[PDB]
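In: Build me a model from this:
(9 chains, ligands or ions: 4)
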Amino acid sequence: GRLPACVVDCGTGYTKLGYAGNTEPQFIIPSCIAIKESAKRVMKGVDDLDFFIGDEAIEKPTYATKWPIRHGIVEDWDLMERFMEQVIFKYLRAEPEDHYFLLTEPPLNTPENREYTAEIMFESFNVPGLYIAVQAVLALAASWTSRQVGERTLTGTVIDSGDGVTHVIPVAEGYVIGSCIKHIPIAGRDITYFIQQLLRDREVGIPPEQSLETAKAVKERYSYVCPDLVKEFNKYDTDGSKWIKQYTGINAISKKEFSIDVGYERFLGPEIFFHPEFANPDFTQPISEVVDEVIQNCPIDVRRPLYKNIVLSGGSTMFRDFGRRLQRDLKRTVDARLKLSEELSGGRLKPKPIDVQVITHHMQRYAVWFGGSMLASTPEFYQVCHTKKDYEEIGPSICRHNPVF
Amino acid sequence: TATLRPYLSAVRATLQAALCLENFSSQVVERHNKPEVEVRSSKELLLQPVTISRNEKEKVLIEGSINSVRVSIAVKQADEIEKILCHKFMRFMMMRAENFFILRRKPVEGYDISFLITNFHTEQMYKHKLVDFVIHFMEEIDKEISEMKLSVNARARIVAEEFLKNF
Amino acid sequence: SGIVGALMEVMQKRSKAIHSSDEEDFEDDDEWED
Amino acid sequence: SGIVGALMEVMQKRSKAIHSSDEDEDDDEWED
Amino acid sequence: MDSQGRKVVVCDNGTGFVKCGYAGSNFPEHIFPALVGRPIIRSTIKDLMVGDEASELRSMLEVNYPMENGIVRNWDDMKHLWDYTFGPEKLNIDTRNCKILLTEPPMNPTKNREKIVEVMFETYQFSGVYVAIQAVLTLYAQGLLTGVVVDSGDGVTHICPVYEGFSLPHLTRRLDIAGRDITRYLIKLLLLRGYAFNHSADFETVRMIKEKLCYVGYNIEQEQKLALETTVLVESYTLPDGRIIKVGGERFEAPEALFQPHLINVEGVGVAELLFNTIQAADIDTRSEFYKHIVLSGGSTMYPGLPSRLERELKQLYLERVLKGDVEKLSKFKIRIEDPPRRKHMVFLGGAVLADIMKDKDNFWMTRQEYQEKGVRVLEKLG
Amino acid sequence: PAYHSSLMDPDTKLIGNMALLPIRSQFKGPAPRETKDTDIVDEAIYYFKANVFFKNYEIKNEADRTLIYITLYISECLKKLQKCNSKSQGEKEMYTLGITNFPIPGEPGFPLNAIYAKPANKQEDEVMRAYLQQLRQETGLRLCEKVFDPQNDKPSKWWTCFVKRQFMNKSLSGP
Amino acid sequence: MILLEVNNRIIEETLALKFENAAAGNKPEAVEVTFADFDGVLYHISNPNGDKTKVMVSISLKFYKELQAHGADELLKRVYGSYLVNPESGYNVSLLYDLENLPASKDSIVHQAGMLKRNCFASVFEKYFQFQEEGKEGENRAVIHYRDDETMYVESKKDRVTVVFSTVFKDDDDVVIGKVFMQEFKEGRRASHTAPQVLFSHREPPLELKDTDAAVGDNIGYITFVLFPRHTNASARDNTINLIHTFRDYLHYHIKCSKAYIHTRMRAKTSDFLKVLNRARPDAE
Amino acid sequence: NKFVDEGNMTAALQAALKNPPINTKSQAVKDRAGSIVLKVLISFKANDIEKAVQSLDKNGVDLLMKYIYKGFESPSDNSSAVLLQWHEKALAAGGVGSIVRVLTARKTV
Amino acid sequence: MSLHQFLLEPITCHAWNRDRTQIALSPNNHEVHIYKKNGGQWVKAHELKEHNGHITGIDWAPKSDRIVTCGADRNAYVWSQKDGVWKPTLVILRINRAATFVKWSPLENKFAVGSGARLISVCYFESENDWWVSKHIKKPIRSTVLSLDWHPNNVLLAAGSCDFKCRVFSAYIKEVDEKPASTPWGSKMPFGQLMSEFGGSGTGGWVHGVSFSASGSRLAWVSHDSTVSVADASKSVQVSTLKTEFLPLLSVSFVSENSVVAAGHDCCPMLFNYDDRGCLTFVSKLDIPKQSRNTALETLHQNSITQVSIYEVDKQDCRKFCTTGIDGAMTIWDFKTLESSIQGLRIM
Ligand SMILES: Nc1ncnc2c1ncn2[C@@H]1O[C@H](COP(=O)(O)OP(=O)(O)OP(=O)(O)O)[C@@H](O)[C@H]1O
Ligand SMILES: Nc1ncnc2c1ncn2[C@@H]1O[C@H](COP(=O)(O)OP(=O)(O)OP(=O)(O)O)[C@@H](O)[C@H]1O
Ligand SMILES: [Mg+2]
Ligand SMILES: [Mg+2]
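Out: Residues are numbered from 1 along each chain as shown, chains lettered A, B, ... in the order given. Ligands and ions are numbered 1, 2, ... in the order given. Below is the structure in question.
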């Protein structure tokens, strides 16, 4: 009888669309819009309705591709409104006057962007309810599938990473400590330019307009994380038959085929997460030191639960041995600090050895959407939404603060 | 401009006399600085309110004080579509009132838009450019509303034409 | 209580369903410990 | 000296100078 | 400067700020913060950094307050702060031939005073030390010998009645709200606007914002009516790194926690009701003299519009709870709140007046010799 | 971080601020003869493919200066060995490159002059030039045997993909 | 996108992905999705009894009894044929697809499965068009409650077929904008000559619609389509059905697009006013 | 202590600007005086307004500007265009200080 | 004629020293900046910072070389130079509202502060414990006092305020002053006695500026009524008013016995003549432009002028005068060049 709510998650690279109650999103489309060319103003007639989004936007003649979301924040609002028009009325095919909505926001967001989003949703589409959710609590709620009943709390550190910057967000009792949020400029795009530079330097025969897609396919299909670099180089040099792979591709113009050798970039791809000076000659700090600094900038009483509940999220954390490498580096950094404090104290400080644990679960790729869907499937979701009557009576100041609890 | 030019000349000449402000501290609460046209605690610092009307519907009310001027403008609304377009336009500006610095978040009753100019704005901007901005605002509102009405009518004609064509 | 207790209720309902759905070249383990 | 002494008329002079509002607390010399 | 050539130094050690100077002057010679900082960078310039420069690069260090409401917590940090105070950077005095006047908050333990006198006599070896009560010095600066002092500084807000030059100890009251609680509440209120500040690394920026923009509303029904219709309360502030923030309706909301403590989860009543109960707890024949002389003090009473609100609340409480039926009887009764603009440093001016009067009397000060063949019993000359 | 040497011996002849580590070579020079199977040339060839991506090195002892000098000369040898076509012409062109008067520390032209220390008298300069020439010739002769695929007798693509990479953004020759 | 589409998407990508993975040779996977459409229509794609080699698509309509009274079951039996099965509990029409016994060209069956909602709204139109073509007159009208407060009336005269809508505008601006839009629909026979005739009546029911429970209040408008035998012949009629049952969503979609374009123009004018007002500062630009 | 204060149409205009209320507190006298002054003003011709304007002193121009700014508060038919033309011709020989003396007046008329 | 753009912020007030080689000004904040002319360029020499509020008044004494400042924080200081640095000294004012104006006495032994709590404070010096004490004039002032000026016999004091009146008070203090002689203003002069009270019946604006003449027998004031008025006390305290056709004027000064120079919101100084028969007449503007969207107004000042001061000698012999404005500029005008440039302009 009751219609399910609509869950929309917007990102820099991909947007995830679907209905509440499901375990997977119904659509994962690129976050680009193909507008008509300017060719030179007042748009006479229905000229603002001549556009395409998603996979149809990429490589269309006599159209210009625009990316409205830049590092998590919306730059152009007209393109965002025209994006959400074809999200609602073409893909989801939902009448907006009957469905509640749930949208996500970047973790460092102004209230003005919340007021603009509430303006668009309440005055252009007439939705009966709206809820703008933070991503870290949804990712931490989606992490409960792997763990059992007893270790189900809302304290932990969330590492979000893909197509943008990597955020390290600590959260305690459902409330995000916003004073200690740090970011790392290495993300999923920079691995693709690193792999593209390596394949440009080594291999030959790649068409120049298809280097980016082949680099993305090599990253998604063959990359992993090595424990050590020089032993992996020795393994590739000695037994070259087992580890060196072959990739085939189809040319777009001549419709022929090409084959290349995939080599050292299988482990040199994600290694810029832990050695960022390989590609970016401005940032030298590895991710484990940033996580340790974020936890050490928190208050004293919360630091021991934050070490025990590190939760990975995002699409760029889907490499094979990520949690084990991060756990080993964090244990080495913490044990270095404790041995330094023990030798400086001279027998005065004898702390307990802490427990570091990094959690990998099944739904790590779409954790924020899964947490939003299982939040919106509850019967108590409709009592914390901002209705249209409160927007009409009180005003647009009700969406500045949210009822998390 | 059958009657627009003497109406705008009279509004400009009244606004030139009203915008003569200076700094003034409060004399009922110590070390406070508030605009006197909104507080209205002392009668001797308030000037007489004046109004300028073009017809029975369009009017401008000007209220002055020692350090603050309040200007309320009523906009011509002929049709029913122009009424809701003007109401959406005035509601659109007042939400972004923090970037304007001279706009009120809620109008005086009976009027459409309301400006509040204190003495801190005349120390930070030229006075004659503020007067020219108010006259430019009142001139550009009606042109924007007429262009909106013509665009809505043309889009409705083409949307009806496509659906009746495709049968 | 609130949305949080119903959230643990719906995750405890879905957890055994997702755990029932999932029912060799990198099997080396000794390089990972210190 | 001690507690009561020169301190008393020092406090009298300071109360005369600082608290002068008390000599208006309430709400032939110029013959030419 | 006495007849024998020994300099007289008045030092006021606060929880937040040390104010030091000479006797007889109308201005403090130096005002600096009171914190000792250690580098946390070696845990992740100089091993021991003390003073206002240690308040400059606070985010690079970890800081410690050696003084907490007149109680010494860390003795080594307090010795380093006193070494910085009597040094060539600030005062440049030779402590072998000087006399010093120090202050003391009400309801102090005797052991802390004994330890402070022992450190001043044994380490720095002054020629004369005197310790005085802060409320008596606050009444000495204004010109009064009988009144009620309401002082709110950086520690605990105190209300103390002083009668005939002696503070009554069984009638003083305290309230646990001061400037650090207002700064933490301003951080909590500014978090909802979107500006995120650290509770330890960004304390000084929010302290300067609170000193610049915050005030006390007179009518608390008129201020948010002005904040709902106009944009005249929004002010732009420039951060040191370069960002520009906007502060709106939170300017009159944080110091309202002084009058309503339940906003910051502190039980009890406000400052006006506590002042009314403190005056009404005394005997009948001396109530009107306490009502005619109420002196404000401390740096946390520097908000604009505070004594008008305090006088209005006290007059409303005395109307409703004593007379109870007549507005005509309220006009004959005199209630005065004394609010001079130099009220931030009343303790220093009172100490300077008391040191300038008694700079030649040998029975006032206690000497190094009277400590040397009596020990702790030289504190018996104090009272 | 980056990989460091481990052949430090408490009684080592410190030439300048470098280390006079022994090598196994038939070329004439002032280095002592090495009895073990591991010397600094094989360690530098082992660590070259991992160290060349790094840009921030940190000096711990005196063997690291010899390590970074041999790493830069492996980069120069790969630049000169990209264009070759047979093994014996590679031996001849390494024999040409080994006797080239490369700039020593102290002279203008050596890039890491601030880290290194120039010698003082003439005999230290002479034995430093002889030691650097012997190290250059030995690492060229050992780098010939690894870059060439024996079945094809052309330079391999797995070693000639590091031509356009520099260690600490430095080069031993001109641009 | 000016005109709306009649095919559902999620059914077409889900069935195309399952059919390509079945025809490739791989083992099938489990699927469980519930979703919605226009006018409160629910969809459920699942596996019957946990069997992963079979998929099953079920629809849920609130008003299936009124469509069943006009004979919607025979049309679904004629179109789908052997794929029609017994319905799931809580659902009205269910189709079963087996991934082992599949035809070769897997293009027509996905397109027929995507139009399940359109095939549910096609019995009453074909029945009344057949009544117009046969020449019988005097039959009762059809009352379809396609929403909670909206009603469709279908009547067949001797020479024309009349379709009366009854839409409700919630917002007060939508009444004025829809009055402008239907004023443009009413005079649209000037440009296009061979067209169905559109009539509009605000706040009142038409005179032919009488002795019913027709609405009176100020937010209700009545839209009348008059269709001729050149539109209701055999080899056009499905196209006519493809333009009739999606009219209301088309109208409300274009009203919401006009309300977005007005917001775009207000953003441009507010940026121009701020750029004018910024220039007045002395040497601070 | 609140602040408490203490054919011959030209001859018809000169008589209407003569003998006004000066200190009376009856509102009916002010209303009938404003009525007869506005009745003289709106029934005037259009070409000879400036001939009536430049036959007055400074106090007559100030009183005319006060009556013109009083006449805008109750608009009826096409009287507002006549009042705007009168305001333009009075501003051409009276300056901005006439408007300043209109605004800073403790006794309305 | 000689602009110098000191700031981009408004200048609230300004003061000159005796030899006109240094200037003190407040750049719209809680600080006082002292600029020094070396050669032909202006270099900022000193900065004074003790207030925690908006500074409203600066005055520099010519002989004793002390600077008095008052601000909106209910506080006032007096600054004296020693060893190359300026040190402040306390003033006990006993006011509970903000202070608006400050003027030194002609003999530099008192100073007058006009404040917002409906009273005037006259302050003198006490050297037994080194401060400045004050006495209060309250009745019959009913609003905020906006301007002050001292008579040249160190007794009388003119004051204009927001209750639309201009009053003359007696500020005689027995401790520091000597016994004065009779004036045409009055004969009985105790402290706080009201000499005369000039205003208007019904109409009236806020009095923005007052001034005495050179002989001290004439007074002039400007209103917000766009009126300028001159009162003569020798001819049985008669008054003459003139209604201008301009925006109101915020400052006025006698440059002679028969001429006044005023400035205000018109960005332009103006000259008025007062003959012996009592007829105030407007003569000319002193900023006639040269005969020859960016606005580019045809005045030397781009915003409102708030202060007119005499630059050359005194009121006995005036040849130059200086103006400061909200636009942040300082302009020096010359009477000799204005006579040759503008025909028909004689200064009497
Ligand atoms: N195994 C993998 N599977 C899928 N994507 C992967 C994988 N490894 C890396 N990626 C990368 O993940 C990226 C997509 O990440 P994600 O969907 O989390 O981004 P986003 O839309 O920016 O996220 P967010 O919702 O957190 O803002 C792609 O750029 C892709 O290259
Ligand atoms: N103008 C101001 N307005 C508001 N608060 C202020 C102002 N100036 C200083 N403060 C605050 O007042 C406090 C300083 O008060 P003060 O110097 O009197 O304290 P203290 O002597 O150290 O305290 P205590 O005597 O209780 O130990 C700080 O919290 C500071 O932020
Ligand atoms: Mg992202
Ligand atoms: Mg204190």
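In: Would you mind giving the secondary structure of residue G:163?
Out: Recorded secondary structure, residue G:163: strand (DSSP: H, G, I helix; E, B strand; the rest coil).
In: Enumerate every residue touching it.
Out: G:152-154, G:224-225, G:227, G:244 (CB atoms under 8 Å, 6 or more residues apart in numbering or on different chains). Backbone N, C-alpha and C define where each C-beta goes, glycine included.
In: swap in residue E:195?
Out: Residue E:195 neighbours (CB under 8 Å, 6+ apart): residue E:245.
In: Surely it is within a strand?
Out: No: membership of residue E:195 in a strand is not supported by three-state DSSP, which gives coil.
In: ok, stretch H:25-39 near chain B or not?
Out: No: using CB under 8 Å from any CB of the partner chain, stretch H:25-39 stays clear of chain B, with a minimum separation of 13.6 Å.
In: Which single residue in the stretch 151-285 of chain G comes nearest to ligand 1?
Out: residue G:260 (24.4 Å; CB to the nearest ligand atom).
In: Skipping its backbone neighbours, what lies nearest that residue in space?
Out: Distances taken as CB to CB, 6 or more residues apart in numbering or on different chains put residue A:124 closest to residue G:260, at 4.8 Å, once the chain neighbours are dropped.
In: and that neighbour, how far is that from residue G:247?
Out: The gap separating residue A:124 from residue G:247 is 21 Å, by CB to CB, to the nearest Å.
In: Can you give me the neighbour number for residue 168?
Out: You didn't say which chain, so I picked chain A. 22 (other CB atoms under 10 Å in any protein chain shown).
In: wrong one, I was asking about chain F
Out: Other residues close to residue F:168 by other CB under 10 Å number 18.
In: hang on, the earlier thing: tell me which of the contacts of residue G:163 fall in helices.
Out: Judged by DSSP state H, these include residue G:244 as members of helices.
In: is it true that residue F:105 touches residue F:111?
Out: No: between residue F:105 and residue F:111 there is no contact, the gap being 9.8 Å when judged by CB atoms under 8 Å.
In: Just give me the closest of the contacts of residue G:163 to residue H:82.
Out: residue G:224 (52.3 Å; CB to CB).
In: Would you mind listing the residues in contact with the residue lying closest to that closest one once chain neighbours are set aside?
Out: In space, not counting the residues next to it along the chain, residue G:224 is nearest to residue G:199; the distance is 4.0 Å by CB to CB, 6+ apart. Applying CB under 8 Å, 6+ apart to residue G:199 gives the contacts G:186, G:206, G:223-224, G:226.
In: which one is residue E:165 nearest to, not counting chain neighbours?
Out: residue E:145 (5.1 Å).
In: ok, now residue I:138?
Out: Spatially, and ignoring its direct neighbours in sequence, residue I:138 is nearest to residue I:119 (4.6 Å; CB to CB, 6+ apart).
In: Residue I:94 is in contact with the one you found, correct?
Out: No: judged on CB under 8 Å, residue I:119 makes no contact with residue I:94 at a distance of 9.5 Å.
In: what is in contact with these two at once?
Out: Jointly contacting residue I:119 and residue I:94 under the rule CB under 8 Å, 6+ apart are residue I:136.
In: And residue G:53, how close does it get to chain I?
Out: 78 Å (CB to the nearest CB, to the nearest Å).
In: Report the contact partners of the nearest residue to that residue once chain neighbours are set aside.
Out: For residue G:53, ignoring the flanking residues on the chain, the nearest one in space by CB to CB, 6+ apart is residue G:99 at 5.1 Å. The neighbours of residue G:99, taking CB under 8 Å, 6+ apart as the test, are G:18-19, G:22, G:28, G:53-55.
In: Filter those down to the buried ones and hand me the ChimeraX line.
Out: Selection of buried members from these for ChimeraX, criterion 16 or more other CB atoms under 10 Å in any protein chain shown:
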select /G:18,19,22,28,54,55
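In: could I get the contacts of residue G:99 as TSV with secondary structure and distance to residue A:24?
Out: As requested, these are exported to TSV (DSSP: H, G, I helix; E, B strand; the rest coil; distance: CB to CB, whole Å):
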residue	secondary structure	distance to residue A:24
G:18	helix	14
G:19	helix	19
G:22	helix	19
G:28	coil	16
G:53	coil	21
G:54	strand	20
G:55	strand	16
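In: and which of the contacts of residue G:99 is nearest chain E?
Out: residue G:18 (46.6 Å; CB to the nearest CB).
In: That closest one against residue G:55, yeah?
Out: Yes: contact status for residue G:18 versus residue G:55: in contact at 6.2 Å, counting by CB under 8 Å.
In: tell me the phi and psi of residue 4?
Out: Just going to use chain A. Note on residue A:4: backbone dihedrals following degrees, to the nearest 10 are phi -70, psi 160.
In: nope, chain G please
Out: Torsion angles, degrees, to the nearest 10, at residue G:4: phi -80, psi 160.
In: ok, now how distant is the closest residue to chain G within chain E from residue C:12?
Out: Closest residue of chain E to chain G, CB to the nearest CB: residue E:236 (13.0 Å). Counting by CB to CB, the gap from residue E:236 to residue C:12 is 50 Å.
In: The two - which one has more neighbours?
Out: Between residue E:236 and residue C:12, counted using other CB under 10 Å, the more crowded position is residue C:12 (14 against 9).
In: Let me see the ranges of the strands in chain F.
Out: Listed in chain order, the strands of chain F (DSSP state E) amount to none at all.
In: Quick check, central residue of it?
Out: Among the residues of chain F, the one closest to the centroid is residue F:70, at 1.8 Å (CA atoms, centre = their mean).
In: before we move on, what about chain H?
Out: residue H:67 (2.4 Å).
In: For residue 3, list the residues it contacts.
Out: This is for chain A. Here residue A:3 is in contact with A:98-99, G:36, G:40, G:42 (CB under 8 Å, 6+ apart).
In: Correction: the question concerned chain H.
Out: Contact analysis of residue H:3 by CB under 8 Å, 6+ apart lists B:42-44, I:142-143, I:163.
In: where does it land in three-state SS?
Out: coil.
In: check which helix or strand covers the most centrally placed residue in chain E.
Out: The centre of chain E sits closest to residue E:153, judged by CA atoms, centre = their mean, with a distance of 2.9 Å. Following DSSP states H and E, there is no helix or strand that holds residue E:153.
In: For it, which non-adjacent residue is spatially closest?
Out: Of all residues not flanking residue E:153 in the chain, residue E:298 sits nearest, at 4.3 Å (CB to CB, 6+ apart).
In: For burial, what's the neighbour tally of that neighbour?
Out: 25.
In: Residue A:124 and residue G:247: which has the busier surroundings?
Out: residue A:124 (20 against 17).
In: give the contact list for that one.
Out: Listed by CB under 8 Å, 6+ apart, the contact partners of residue A:124 are A:81, G:256, G:259-260, G:263.
In: now, which of those residues sits nearest residue B:93?
Out: When those are compared for distance to residue B:93 (CB to CB), residue G:263 wins out at 12.7 Å.
In: Just want to check the distance between the closest one and residue A:119.
Out: Between residue G:263 and residue A:119 the computed distance is 8 Å (CB to CB).
In: who's sitting farthest from the centroid in chain I?
Out: Most distant from the centre of chain I: residue I:293, at 36.9 Å, with distances by CA atoms, centre = their mean.
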